[PDB]
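Everything below concerns the one structure shown next.
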Amino acid sequence: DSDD
Amino acid sequence: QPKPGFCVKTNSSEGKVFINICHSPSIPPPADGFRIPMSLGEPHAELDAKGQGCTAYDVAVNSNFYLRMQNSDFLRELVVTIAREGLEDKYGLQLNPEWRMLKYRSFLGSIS
């Protein structure tokens with residue numbers, strides 16, 4: 001994921 | 001203030017929307033037309049990982065209940081749909097349902  | 005739970009990520013057909021799914025004993029539980037006791041927080045602007053802002057919403061269910069449901073992928077999914085429809089039934093939004101649960105993140109910092 002891009003945000004993690 | 002309620003304690004951090006997990007962080008659901010979904011778009012909103014206008015932007016990135018994180019549902020900070022948190023928990024607090026104050027909220028009543030429901031178990032032991034199905035609805036679930038949960039607060040529906042007020043929007044706060046948070047920055048994504050990239051560096052562009054987006055809208056986070058702090059939704060909180062019964063805490064004791066929650067530690068029971070964080071083990072059930074089934075319950076998991078059941079709460080997220082509901083809440084998404086709470087944010088829809090209060091702000092329109094028309095959130096996207098193709099949502100992801102972040103592996104690492106459990107919040108976008110700003111409980112209240």
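Chain labels A, B, ... are given in the sequence in which chains occur in the structure tokens; within each chain residues are numbered consecutively from 1, and ligands are likewise numbered from 1 in the order shown.
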Mind dumping a table of every chain B residue within 12 Å of chain A, with the nearest atom pair and its distance in Å to one decimal, using only C-alpha atoms, sorted by chain and rising number, as CSV?
```
residue,atom,partner,partner_atom,distance
B:6,CA,A:4,CA,11.8
B:7,CA,A:4,CA,10.0
B:8,CA,A:3,CA,10.9
B:9,CA,A:3,CA,8.8
B:10,CA,A:3,CA,11.4
B:16,CA,A:3,CA,10.9
B:17,CA,A:3,CA,11.8
B:18,CA,A:3,CA,10.4
B:47,CA,A:3,CA,10.2
B:48,CA,A:3,CA,6.7
B:49,CA,A:3,CA,5.1
B:50,CA,A:2,CA,7.7
B:51,CA,A:3,CA,10.4
B:52,CA,A:3,CA,11.5
B:99,CA,A:1,CA,11.5
B:100,CA,A:1,CA,8.7
B:101,CA,A:1,CA,9.5
B:102,CA,A:4,CA,6.0
B:103,CA,A:4,CA,6.5
B:104,CA,A:4,CA,5.0
B:105,CA,A:4,CA,5.6
B:106,CA,A:4,CA,9.3
B:107,CA,A:4,CA,10.5
B:108,CA,A:3,CA,10.5
```
Selection near residue 61 (chain B), 6 Å with only C-alpha atoms, sequence-local residues under 5 positions removed, as a compact mmCIF listing (two decimals) with C-alpha atoms, in the first residue's frame:
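What landed in out24.txt:
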```txt
# COMPACT_ATOMS: atom_id res chain seq x y z
CA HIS B 23 -12.77 2.08 20.50
CA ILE B 27 -19.81 3.33 23.86
CA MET B 38 -20.65 3.63 17.32
```
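Separating CA of residue 67 (chain B) from CA of residue 110 (chain B) is a distance of 21.0 Å.
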Selected residue of minimal separation from residue 75 (chain B) among B:54, B:25, B:36, B:20, counting only C-alpha atoms: B:36
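Counting from CA of residue 112 (chain B), the distance to CA of residue 37 (chain B) is 17.8 Å.
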